[PDB]
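Given next, in structure tokens, is a single chain: the form deposited in one PDB entry.
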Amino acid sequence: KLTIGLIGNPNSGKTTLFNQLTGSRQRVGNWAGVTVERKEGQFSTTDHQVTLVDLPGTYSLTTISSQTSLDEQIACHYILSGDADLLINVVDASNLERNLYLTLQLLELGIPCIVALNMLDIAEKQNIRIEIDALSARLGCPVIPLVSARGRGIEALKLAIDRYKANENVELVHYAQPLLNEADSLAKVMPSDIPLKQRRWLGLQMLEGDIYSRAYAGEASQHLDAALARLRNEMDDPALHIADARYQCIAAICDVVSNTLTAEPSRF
């Protein structure tokens, strides 16, 4: 038996993939404490009986700008609740750079994950070519091309689920040493139920100015002002650096991964 969480952007073809996997074997209700719909369904692999949980559409698990989205909170809450044994991240190939911000957050949290590259046919109309193994090597998790024809992308996805394992601990984003040391101090006073790696993540998001992470912080929210001011002795703007270090990482990956599909040559 298994429980998998389906996660991705609003326009990533996530809902369509859910229906194709589960089919008629579905159940409907709502998330705890709200009227927002919660779909669940089941399908079988060679070994496992999978229980697919459809999460709401989301671009990011965090937010700044004082803008709240209940769909994002519900998504982030389920991820941190550790209910699912595995996650399937639906990624749009025609908007890779934008979609990878969510993908990165799932990998930083240490959640076992399988990326499903969707809308490859639309990417080819944009003159875009995706390097699959180059992407997989940098993310440290398997990347399955979700081929529509004959539902053979679903078969490859089921094959990946039976082989699933802990993600390869690669170097994703390269933050500054003071930010990591300060985020670790916030992790000490955070509640001990949450894993160490996830506590360090939460504390890093608090420094950038996240509002969702403060719900799981506890007494660490009181130490934030002292910790944030302490970082400004070394760095000019901590919040700016975290955004740049994150952008730099994704920009580096997209340079290698996203290539031009076809072009008429002008030289020999």
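Residues that one form lacks are left out of the comparison. For the two forms, the rigid core is made up of the largest set of C-alpha atoms that agree within 1.5 Å on superposition. The numbering used is simple: start at 1 and walk along the sequence shown.
Note that the form solved in complex with a small molecule isn't included here; everything after this is about it.
Of the stretches 181 to 189, 127 to 135, 78 to 86, 114 to 122, only 114 to 122 has residues with a heavy atom within 4.5 Å of the small molecule in the bound PDB entry. Among heavy atoms of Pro10, some come within 4.5 Å of the small molecule in the bound PDB entry. Although the partner is absent here, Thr15 sits close enough that one of its heavy atoms falls within 4.5 Å of the small molecule in the bound PDB entry. Legend: core-fitted overlay between this form and the one not shown; highlighted is 191 to 193, the single run of at least 3 consecutive residues with CA shifts of 2 angstroms or more.
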